[PDB]
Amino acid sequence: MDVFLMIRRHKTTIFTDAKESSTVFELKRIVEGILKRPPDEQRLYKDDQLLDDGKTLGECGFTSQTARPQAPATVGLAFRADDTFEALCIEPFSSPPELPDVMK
């Protein structure tokens, strides 16, 4: 079963998919191809929870019925510059305007 994801760091957002049975480490290999940074310089998060390389996405709560195409699940990303990892930072999207009078 496929799960559909947004992998997000700063003002960067990757749309991709994977199997429930695939691992956190295998997802880092997908990021390596796009963003050109090896797995050992990456940290992946479900909200404020660091994810272990060996665990499957299904064990970390990304299931096919919650992580949908029209509404994918978010996975935090954080790189290592030289020695230490940076703090997790996900810039929010822009705010919509107020509903016009006619749509109220």
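For clarity, a rigid core is taken as the largest C-alpha set superposing within 1.5 Å between two forms. Note that residue numbering begins at 1 and tracks the sequence as displayed.
Of the stretches 3-11 and 94-102, which sits farther from where it is here in 6 other deposited structures of this protein, on average over its Cα atoms, after fitting the core? Per-stretch check in 6 other deposited structures of this protein: the more divergent one is 94-102.
(message) Out of 50-58 and 73-81, which one drifts farther from the shown form in 6 other deposited structures of this protein in terms of CA positions, with the fit done on the rigid core?
(response) Between 50-58 and 73-81, the one lying farther away in 6 other deposited structures of this protein is 73-81.
Check: Which is higher on average in the deposited entry, the C-alpha temperature factors of 88-96 or of 20-28?
Finding: Higher mean C-alpha B-factor in the PDB entry: 88-96.
ask   = Mean CA B-factor: is it higher for 51-59 or for 75-83?
value = Mean C-alpha B-factor is greater for 75-83.
Inset, instruction - Please place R43 in the lowest, middle or highest third of its chain by C-alpha B factor as given in the entry. - result: For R43, whose C-alpha B-factor we compare with every modelled residue in the chain, the answer is the middle third.
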